[PDB]
Amino acid sequence: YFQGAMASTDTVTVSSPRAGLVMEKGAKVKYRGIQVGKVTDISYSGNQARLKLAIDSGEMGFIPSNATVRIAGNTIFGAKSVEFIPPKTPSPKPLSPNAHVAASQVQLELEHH
Amino acid sequence: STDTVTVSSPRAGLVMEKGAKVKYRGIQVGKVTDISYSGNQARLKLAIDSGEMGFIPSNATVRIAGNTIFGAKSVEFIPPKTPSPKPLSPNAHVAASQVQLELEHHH
C-alpha cells in the first residue's frame, strides 16, 4: 500500500445477527460516549447482512480487540413493492397526473415465506 | 416521460428499496423515487408512466407487502469484562455472536 494524503480511517466489519437489518442515513459509531467513526457501506449476501465501519486511525488504538458491539434501533416496516388495487366500483376519471393517495387507502401486508 | 403520484403511509417507520417497482394488475407501471419523512408521517413519491395512469382508476387503493425489520440507528463499542491490552486491528471482523441488537426507549 501507499500512504494516504490525510484523514485516514480504518475499516472494520460487523456481522448482523438478524438478517434484513437496515441502517439509517448518517449513522455514527461511538465508544464510551465519543464518536469514533461512521457506517459507510452495508451489503446483503444470502441470509446475512454485513456492516462496513470507518473508524479513525487514532481512535482504534483505544478500542480493545475483545470489545462487543451494541446496535440501537427500532422495528420498522421494510417494504419491497407497491401495487394499485382495482376498486370494487371503479371511477370513470383516471388517476390525475398530480394525485395523492391518503393513508386510509393504503393496505400494509406481511409477506409469506 | 412520467407523472408523480404521492402516497401517505399508515406507519411512520416505513422504508423501501430505492427504485422499487409499482405495479397494477400484474404489469409494472412505474417506480418509487423518494420517501419524505416530515414529522412522524411517511410520504412515498411515485413516478409512473404517462400512458399508464389512464388505466388506473382515480379511486384505486394501494397494497404494500413487506416485512418487519430492525431499523438500526447507531453502533457502539462496549468495553468487555476485562479489556485486552491489544487494540483493535485494522480490517478486523466482529462476528454476529458479539453483536447485541437493542430497542431504544421513547418518551
# chains A, B, ... in the order shown; residues from 1 in each chain; ligands from 1
>>> residues_around(residues="segment 85-90 of chain A", least_positions_apart="2", cutoff="12 Å", atoms="only C-alpha atoms", output="mmCIF file with N, CA and C atoms, in the first residue's frame")
data_model
loop_
_atom_site.group_PDB
_atom_site.id
_atom_site.type_symbol
_atom_site.label_atom_id
_atom_site.label_comp_id
_atom_site.auth_asym_id
_atom_site.auth_seq_id
_atom_site.Cartn_x
_atom_site.Cartn_y
_atom_site.Cartn_z
ATOM 1 N N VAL A 82 -44.920 -1.786 -4.408
ATOM 2 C CA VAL A 82 -46.160 -1.028 -4.302
ATOM 3 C C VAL A 82 -47.083 -1.490 -5.420
ATOM 4 N N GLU A 83 -48.358 -1.694 -5.097
ATOM 5 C CA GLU A 83 -49.320 -2.166 -6.084
ATOM 6 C C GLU A 83 -50.636 -1.422 -5.926
ATOM 7 N N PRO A 92 -64.808 6.681 -13.189
ATOM 8 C CA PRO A 92 -64.569 6.953 -14.618
ATOM 9 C C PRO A 92 -63.312 7.768 -14.863
ATOM 10 N N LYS A 93 -63.098 8.822 -14.084
ATOM 11 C CA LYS A 93 -61.906 9.643 -14.253
ATOM 12 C C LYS A 93 -60.664 8.847 -13.866
ATOM 13 N N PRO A 94 -59.653 8.768 -14.734
ATOM 14 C CA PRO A 94 -58.417 8.064 -14.369
ATOM 15 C C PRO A 94 -57.638 8.796 -13.288
ATOM 16 N N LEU A 95 -56.524 8.219 -12.849
ATOM 17 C CA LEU A 95 -55.700 8.845 -11.823
ATOM 18 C C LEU A 95 -55.089 10.129 -12.372
ATOM 19 N N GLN A 105 -56.261 4.742 2.436
ATOM 20 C CA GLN A 105 -56.410 3.937 1.233
ATOM 21 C C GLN A 105 -55.252 2.968 1.025
ATOM 22 N N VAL A 106 -54.347 2.854 1.993
ATOM 23 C CA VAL A 106 -53.163 2.012 1.882
ATOM 24 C C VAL A 106 -53.343 0.789 2.770
ATOM 25 N N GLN A 107 -52.907 -0.366 2.273
ATOM 26 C CA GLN A 107 -53.033 -1.635 2.978
ATOM 27 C C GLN A 107 -51.650 -2.251 3.127
ATOM 28 N N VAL B 22 -43.600 -0.331 -8.991
ATOM 29 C CA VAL B 22 -45.008 -0.035 -8.752
ATOM 30 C C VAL B 22 -45.809 -0.746 -9.833
ATOM 31 N N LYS B 23 -46.731 -1.610 -9.419
ATOM 32 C CA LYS B 23 -47.450 -2.475 -10.340
ATOM 33 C C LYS B 23 -48.948 -2.205 -10.282
ATOM 34 N N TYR B 24 -49.635 -2.619 -11.345
ATOM 35 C CA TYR B 24 -51.093 -2.547 -11.405
ATOM 36 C C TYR B 24 -51.578 -3.673 -12.307
ATOM 37 N N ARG B 25 -52.247 -4.661 -11.710
ATOM 38 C CA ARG B 25 -52.799 -5.809 -12.432
ATOM 39 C C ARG B 25 -51.712 -6.575 -13.186
ATOM 40 N N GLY B 26 -50.632 -6.901 -12.473
ATOM 41 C CA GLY B 26 -49.578 -7.754 -12.990
ATOM 42 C C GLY B 26 -48.451 -7.042 -13.717
ATOM 43 N N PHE B 55 -55.313 3.840 -17.352
ATOM 44 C CA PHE B 55 -55.893 2.559 -16.974
ATOM 45 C C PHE B 55 -56.143 2.437 -15.477
ATOM 46 N N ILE B 56 -55.425 3.195 -14.657
ATOM 47 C CA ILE B 56 -55.560 3.131 -13.204
ATOM 48 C C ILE B 56 -56.691 4.073 -12.794
ATOM 49 N N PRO B 57 -57.769 3.572 -12.193
ATOM 50 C CA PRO B 57 -58.839 4.468 -11.741
ATOM 51 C C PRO B 57 -58.353 5.397 -10.639
ATOM 52 N N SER B 58 -59.006 6.557 -10.538
ATOM 53 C CA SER B 58 -58.602 7.555 -9.554
ATOM 54 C C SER B 58 -58.860 7.103 -8.124
ATOM 55 N N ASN B 59 -59.806 6.188 -7.914
ATOM 56 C CA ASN B 59 -60.160 5.709 -6.583
ATOM 57 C C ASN B 59 -59.576 4.332 -6.286
ATOM 58 N N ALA B 60 -58.451 3.993 -6.908
ATOM 59 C CA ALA B 60 -57.804 2.714 -6.658
ATOM 60 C C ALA B 60 -57.037 2.755 -5.344
ATOM 61 N N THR B 61 -57.077 1.646 -4.613
ATOM 62 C CA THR B 61 -56.356 1.529 -3.356
ATOM 63 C C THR B 61 -54.938 1.021 -3.601
ATOM 64 N N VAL B 62 -54.128 1.056 -2.547
ATOM 65 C CA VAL B 62 -52.718 0.693 -2.617
ATOM 66 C C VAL B 62 -52.453 -0.431 -1.626
ATOM 67 N N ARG B 63 -51.809 -1.494 -2.100
ATOM 68 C CA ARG B 63 -51.346 -2.585 -1.256
ATOM 69 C C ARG B 63 -49.826 -2.593 -1.251
ATOM 70 N N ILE B 64 -49.241 -2.681 -0.062
ATOM 71 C CA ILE B 64 -47.794 -2.652 0.114
ATOM 72 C C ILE B 64 -47.400 -3.866 0.945
#
>>> residues_around(residues="residue 32 of chain A", least_positions_apart="3", cutoff="10 Å", atoms="only C-alpha atoms", output="number ranges by chain")
A: 35-36, 63; B: 76-79
>>> write_last_selection(atoms="N, CA, C and O atoms", output="short mmCIF file (atom, residue, chain, number, x, y, z; two decimals), in the first residue's frame")
data_model
loop_
_atom_site.label_atom_id
_atom_site.label_comp_id
_atom_site.auth_asym_id
_atom_site.auth_seq_id
_atom_site.Cartn_x
_atom_site.Cartn_y
_atom_site.Cartn_z
N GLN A 35 -17.77 9.86 19.60
CA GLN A 35 -17.92 9.42 18.22
C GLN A 35 -16.55 9.11 17.63
O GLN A 35 -15.67 9.98 17.59
N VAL A 36 -16.37 7.88 17.17
CA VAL A 36 -15.09 7.43 16.64
C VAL A 36 -15.14 7.08 15.16
O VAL A 36 -14.08 6.89 14.55
N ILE A 63 -9.78 1.25 21.40
CA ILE A 63 -10.83 0.24 21.48
C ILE A 63 -10.18 -1.13 21.67
O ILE A 63 -9.32 -1.52 20.88
N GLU B 76 -22.31 1.12 18.66
CA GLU B 76 -21.48 1.47 19.80
C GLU B 76 -20.64 0.28 20.22
O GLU B 76 -21.15 -0.84 20.33
N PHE B 77 -19.35 0.52 20.45
CA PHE B 77 -18.46 -0.48 21.01
C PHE B 77 -18.55 -0.43 22.53
O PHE B 77 -18.48 0.65 23.13
N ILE B 78 -18.71 -1.59 23.15
CA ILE B 78 -18.88 -1.72 24.59
C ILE B 78 -17.61 -2.32 25.17
O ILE B 78 -17.14 -3.35 24.67
N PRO B 79 -17.02 -1.73 26.21
CA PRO B 79 -15.87 -2.35 26.86
C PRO B 79 -16.25 -3.67 27.50
O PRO B 79 -17.31 -3.78 28.13
#
>>> closest_atom_pairs(of="chain A", to="chain B", cutoff="6 Å", atoms="only C-alpha atoms", output="tab-separated table")
residue	atom	partner	partner_atom	distance
A:10	CA	B:90	CA	5.9
A:11	CA	B:91	CA	5.4
A:12	CA	B:91	CA	4.9
A:13	CA	B:93	CA	4.8
A:14	CA	B:94	CA	5.2
A:15	CA	B:96	CA	4.6
A:16	CA	B:96	CA	5.2
A:17	CA	B:96	CA	4.7
A:21	CA	B:70	CA	5.1
A:22	CA	B:71	CA	5.2
A:23	CA	B:72	CA	4.9
A:24	CA	B:73	CA	5.3
A:27	CA	B:74	CA	5.4
A:28	CA	B:74	CA	5.6
A:29	CA	B:75	CA	4.8
A:30	CA	B:76	CA	4.7
A:31	CA	B:77	CA	5.1
A:60	CA	B:88	CA	5.9
A:61	CA	B:87	CA	5.4
A:63	CA	B:87	CA	5.7
A:64	CA	B:87	CA	4.6
A:65	CA	B:88	CA	4.1
A:67	CA	B:79	CA	5.2
A:68	CA	B:78	CA	5.2
A:69	CA	B:77	CA	4.7
A:70	CA	B:100	CA	4.7
A:71	CA	B:75	CA	4.7
A:72	CA	B:102	CA	4.9
A:73	CA	B:72	CA	4.1
A:74	CA	B:71	CA	5.1
A:75	CA	B:70	CA	4.5
A:76	CA	B:13	CA	4.7
A:77	CA	B:68	CA	4.7
A:78	CA	B:15	CA	5.1
A:79	CA	B:66	CA	3.9
A:80	CA	B:66	CA	5.7
A:81	CA	B:21	CA	5.6
A:82	CA	B:22	CA	4.7
A:83	CA	B:23	CA	4.7
A:84	CA	B:62	CA	4.6
A:85	CA	B:61	CA	5.1
A:86	CA	B:60	CA	5.3
A:87	CA	B:60	CA	5.2
A:91	CA	B:57	CA	5.5
A:94	CA	B:57	CA	4.5
A:95	CA	B:58	CA	3.9
A:97	CA	B:3	CA	5.6
A:98	CA	B:5	CA	5.7
A:99	CA	B:5	CA	5.2
A:100	CA	B:6	CA	4.9
A:101	CA	B:7	CA	4.6
A:102	CA	B:8	CA	5.4
A:103	CA	B:8	CA	4.6
A:105	CA	B:61	CA	5.2
A:106	CA	B:62	CA	4.7
A:107	CA	B:63	CA	4.7
A:108	CA	B:64	CA	5.0
A:109	CA	B:65	CA	4.7
A:110	CA	B:66	CA	5.2
A:111	CA	B:66	CA	5.5
>>> atom_distance(atom1="atom CA of residue 18 of chain A", atom2="atom CA of residue 59 of chain A")
27.7 Å
>>> residues_around(residues="residue 40 of chain A", least_positions_apart="2", cutoff="9 Å", atoms="only C-alpha atoms", output="number ranges by chain")
A: 26-27, 38, 42, 51-54
>>> write_last_selection(atoms="N, CA, C and O atoms", output="short mmCIF file (atom, residue, chain, number, x, y, z; two decimals), in the first residue's frame")
data_model
loop_
_atom_site.label_atom_id
_atom_site.label_comp_id
_atom_site.auth_asym_id
_atom_site.auth_seq_id
_atom_site.Cartn_x
_atom_site.Cartn_y
_atom_site.Cartn_z
N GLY A 26 -26.46 8.41 7.66
CA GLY A 26 -25.64 9.18 8.58
C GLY A 26 -25.50 8.56 9.96
O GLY A 26 -25.45 9.29 10.95
N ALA A 27 -25.44 7.24 10.04
CA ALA A 27 -25.27 6.56 11.31
C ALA A 27 -23.83 6.66 11.78
O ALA A 27 -22.89 6.53 10.98
N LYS A 38 -18.05 6.18 11.48
CA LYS A 38 -19.37 6.18 10.86
C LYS A 38 -19.55 4.90 10.07
O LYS A 38 -18.59 4.17 9.80
N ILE A 42 -23.10 -1.18 3.50
CA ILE A 42 -23.84 -2.30 4.07
C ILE A 42 -24.25 -3.23 2.93
O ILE A 42 -24.91 -2.81 1.97
N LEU A 51 -21.96 -5.03 7.95
CA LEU A 51 -21.76 -3.59 8.01
C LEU A 51 -20.27 -3.29 7.86
O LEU A 51 -19.42 -4.00 8.40
N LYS A 52 -19.97 -2.22 7.12
CA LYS A 52 -18.60 -1.74 6.98
C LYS A 52 -18.49 -0.40 7.69
O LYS A 52 -19.13 0.58 7.29
N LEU A 53 -17.68 -0.36 8.75
CA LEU A 53 -17.47 0.86 9.52
C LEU A 53 -16.17 1.53 9.09
O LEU A 53 -15.31 0.92 8.46
N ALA A 54 -16.06 2.82 9.42
CA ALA A 54 -14.88 3.62 9.09
C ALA A 54 -14.46 4.37 10.35
O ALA A 54 -14.90 5.50 10.59
#
>>> residues_around(residues="residue 44 of chain A", least_positions_apart="3", cutoff="9 Å", atoms="only C-alpha atoms", output="ChimeraX atom specification")
/A:19-20,47-50
>>> select_by_dssp(residues="chain B", states="strand (DSSP E)", output="PyMOL selection string")
chain B and resi 2-8+14-16+21-24+27-36+43-49+61-78+93-94+99-103
>>> decode(residues="segment 3-112 of chain A", atoms="C-alpha atoms", output="PDB file, in the first residue's frame")
ATOM      1  CA  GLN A   3       0.407   6.420   2.333  1.00  0.00           C
ATOM      2  CA  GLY A   4      -2.767   8.463   2.040  1.00  0.00           C
ATOM      3  CA  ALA A   5      -2.914  12.241   1.989  1.00  0.00           C
ATOM      4  CA  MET A   6      -4.846  12.954   5.193  1.00  0.00           C
ATOM      5  CA  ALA A   7      -7.908  11.993   7.248  1.00  0.00           C
ATOM      6  CA  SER A   8      -7.087   8.288   7.065  1.00  0.00           C
ATOM      7  CA  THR A   9      -9.623   5.862   8.538  1.00  0.00           C
ATOM      8  CA  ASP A  10      -9.554   2.099   9.053  1.00  0.00           C
ATOM      9  CA  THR A  11     -12.371  -0.223   8.001  1.00  0.00           C
ATOM     10  CA  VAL A  12     -13.904  -2.796  10.353  1.00  0.00           C
ATOM     11  CA  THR A  13     -16.739  -5.188   9.525  1.00  0.00           C
ATOM     12  CA  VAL A  14     -19.700  -6.199  11.699  1.00  0.00           C
ATOM     13  CA  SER A  15     -21.865  -9.265  11.062  1.00  0.00           C
ATOM     14  CA  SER A  16     -25.547  -8.729  11.808  1.00  0.00           C
ATOM     15  CA  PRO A  17     -27.146 -11.477  13.939  1.00  0.00           C
ATOM     16  CA  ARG A  18     -30.570 -10.775  12.392  1.00  0.00           C
ATOM     17  CA  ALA A  19     -30.668 -10.639   8.605  1.00  0.00           C
ATOM     18  CA  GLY A  20     -32.695  -7.928   6.920  1.00  0.00           C
ATOM     19  CA  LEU A  21     -31.255  -5.176   9.117  1.00  0.00           C
ATOM     20  CA  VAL A  22     -31.268  -1.686   7.614  1.00  0.00           C
ATOM     21  CA  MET A  23     -29.099   1.253   8.652  1.00  0.00           C
ATOM     22  CA  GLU A  24     -30.211   4.868   8.936  1.00  0.00           C
ATOM     23  CA  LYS A  25     -28.529   7.507   6.793  1.00  0.00           C
ATOM     24  CA  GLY A  26     -25.635   9.178   8.580  1.00  0.00           C
ATOM     25  CA  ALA A  27     -25.274   6.562  11.313  1.00  0.00           C
ATOM     26  CA  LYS A  28     -22.333   7.097  13.662  1.00  0.00           C
ATOM     27  CA  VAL A  29     -20.082   4.810  15.697  1.00  0.00           C
ATOM     28  CA  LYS A  30     -19.392   5.651  19.341  1.00  0.00           C
ATOM     29  CA  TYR A  31     -17.193   4.284  22.121  1.00  0.00           C
ATOM     30  CA  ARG A  32     -17.881   5.363  25.723  1.00  0.00           C
ATOM     31  CA  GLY A  33     -19.758   8.448  24.538  1.00  0.00           C
ATOM     32  CA  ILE A  34     -17.195   9.612  21.947  1.00  0.00           C
ATOM     33  CA  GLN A  35     -17.923   9.419  18.222  1.00  0.00           C
ATOM     34  CA  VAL A  36     -15.087   7.430  16.637  1.00  0.00           C
ATOM     35  CA  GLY A  37     -16.403   6.657  13.156  1.00  0.00           C
ATOM     36  CA  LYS A  38     -19.369   6.185  10.860  1.00  0.00           C
ATOM     37  CA  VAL A  39     -21.127   3.449   8.898  1.00  0.00           C
ATOM     38  CA  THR A  40     -20.156   3.678   5.224  1.00  0.00           C
ATOM     39  CA  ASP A  41     -21.479   0.597   3.404  1.00  0.00           C
ATOM     40  CA  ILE A  42     -23.844  -2.301   4.067  1.00  0.00           C
ATOM     41  CA  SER A  43     -24.054  -5.450   1.934  1.00  0.00           C
ATOM     42  CA  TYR A  44     -26.602  -8.274   1.897  1.00  0.00           C
ATOM     43  CA  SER A  45     -25.475 -11.737   0.771  1.00  0.00           C
ATOM     44  CA  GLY A  46     -27.810 -14.678   1.315  1.00  0.00           C
ATOM     45  CA  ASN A  47     -29.276 -14.629   4.829  1.00  0.00           C
ATOM     46  CA  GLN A  48     -26.648 -12.427   6.487  1.00  0.00           C
ATOM     47  CA  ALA A  49     -26.022  -8.678   6.442  1.00  0.00           C
ATOM     48  CA  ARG A  50     -22.576  -7.160   6.983  1.00  0.00           C
ATOM     49  CA  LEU A  51     -21.756  -3.593   8.015  1.00  0.00           C
ATOM     50  CA  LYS A  52     -18.602  -1.736   6.978  1.00  0.00           C
ATOM     51  CA  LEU A  53     -17.471   0.857   9.519  1.00  0.00           C
ATOM     52  CA  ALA A  54     -14.878   3.622   9.095  1.00  0.00           C
ATOM     53  CA  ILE A  55     -13.113   4.339  12.393  1.00  0.00           C
ATOM     54  CA  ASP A  56     -10.397   6.975  12.653  1.00  0.00           C
ATOM     55  CA  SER A  57      -6.850   5.630  12.750  1.00  0.00           C
ATOM     56  CA  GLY A  58      -6.099   7.323  16.069  1.00  0.00           C
ATOM     57  CA  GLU A  59      -9.355   6.187  17.664  1.00  0.00           C
ATOM     58  CA  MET A  60      -8.844   2.458  17.034  1.00  0.00           C
ATOM     59  CA  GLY A  61      -5.828   2.447  19.360  1.00  0.00           C
ATOM     60  CA  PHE A  62      -8.199   2.885  22.316  1.00  0.00           C
ATOM     61  CA  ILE A  63     -10.830   0.239  21.477  1.00  0.00           C
ATOM     62  CA  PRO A  64      -9.981  -3.209  22.896  1.00  0.00           C
ATOM     63  CA  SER A  65      -9.800  -6.073  20.423  1.00  0.00           C
ATOM     64  CA  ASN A  66     -12.226  -8.111  22.569  1.00  0.00           C
ATOM     65  CA  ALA A  67     -14.911  -5.411  22.757  1.00  0.00           C
ATOM     66  CA  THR A  68     -18.524  -6.072  21.786  1.00  0.00           C
ATOM     67  CA  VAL A  69     -20.984  -4.179  19.587  1.00  0.00           C
ATOM     68  CA  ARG A  70     -24.337  -2.724  20.668  1.00  0.00           C
ATOM     69  CA  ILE A  71     -26.692  -1.612  17.887  1.00  0.00           C
ATOM     70  CA  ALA A  72     -29.695   0.510  18.854  1.00  0.00           C
ATOM     71  CA  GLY A  73     -32.759   0.979  16.691  1.00  0.00           C
ATOM     72  CA  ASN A  74     -36.464   0.357  16.227  1.00  0.00           C
ATOM     73  CA  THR A  75     -38.578  -2.202  14.410  1.00  0.00           C
ATOM     74  CA  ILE A  76     -39.830  -0.684  11.145  1.00  0.00           C
ATOM     75  CA  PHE A  77     -41.770  -1.908   8.111  1.00  0.00           C
ATOM     76  CA  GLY A  78     -39.461  -2.886   5.260  1.00  0.00           C
ATOM     77  CA  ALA A  79     -41.477  -2.816   2.049  1.00  0.00           C
ATOM     78  CA  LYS A  80     -40.405  -4.272  -1.294  1.00  0.00           C
ATOM     79  CA  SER A  81     -43.156  -3.284  -3.745  1.00  0.00           C
ATOM     80  CA  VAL A  82     -46.160  -1.028  -4.302  1.00  0.00           C
ATOM     81  CA  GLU A  83     -49.320  -2.166  -6.084  1.00  0.00           C
ATOM     82  CA  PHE A  84     -52.525  -0.398  -7.060  1.00  0.00           C
ATOM     83  CA  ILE A  85     -55.649  -2.495  -6.470  1.00  0.00           C
ATOM     84  CA  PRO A  86     -58.764  -2.133  -8.669  1.00  0.00           C
ATOM     85  CA  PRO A  87     -61.643  -0.823  -6.545  1.00  0.00           C
ATOM     86  CA  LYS A  88     -64.938  -2.672  -6.316  1.00  0.00           C
ATOM     87  CA  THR A  89     -66.760   0.152  -8.139  1.00  0.00           C
ATOM     88  CA  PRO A  90     -64.149   1.983 -10.238  1.00  0.00           C
ATOM     89  CA  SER A  91     -64.192   5.715 -11.024  1.00  0.00           C
ATOM     90  CA  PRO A  92     -64.569   6.953 -14.618  1.00  0.00           C
ATOM     91  CA  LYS A  93     -61.906   9.643 -14.253  1.00  0.00           C
ATOM     92  CA  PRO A  94     -58.417   8.064 -14.369  1.00  0.00           C
ATOM     93  CA  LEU A  95     -55.700   8.845 -11.823  1.00  0.00           C
ATOM     94  CA  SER A  96     -54.863  12.535 -12.155  1.00  0.00           C
ATOM     95  CA  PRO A  97     -51.266  13.495 -13.061  1.00  0.00           C
ATOM     96  CA  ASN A  98     -50.738  15.086  -9.604  1.00  0.00           C
ATOM     97  CA  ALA A  99     -52.744  12.783  -7.329  1.00  0.00           C
ATOM     98  CA  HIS A 100     -52.362  11.965  -3.637  1.00  0.00           C
ATOM     99  CA  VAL A 101     -53.305   8.625  -2.073  1.00  0.00           C
ATOM    100  CA  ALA A 102     -54.410   9.064   1.531  1.00  0.00           C
ATOM    101  CA  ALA A 103     -53.072   6.768   4.238  1.00  0.00           C
ATOM    102  CA  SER A 104     -56.546   5.300   4.804  1.00  0.00           C
ATOM    103  CA  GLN A 105     -56.410   3.937   1.233  1.00  0.00           C
ATOM    104  CA  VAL A 106     -53.163   2.012   1.882  1.00  0.00           C
ATOM    105  CA  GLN A 107     -53.033  -1.635   2.978  1.00  0.00           C
ATOM    106  CA  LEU A 108     -49.884  -2.958   4.665  1.00  0.00           C
ATOM    107  CA  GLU A 109     -49.486  -6.737   4.375  1.00  0.00           C
ATOM    108  CA  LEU A 110     -46.786  -9.123   5.583  1.00  0.00           C
ATOM    109  CA  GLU A 111     -45.056 -11.326   3.023  1.00  0.00           C
ATOM    110  CA  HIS A 112     -45.223 -15.122   3.031  1.00  0.00           C
TER     111      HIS A 112
END
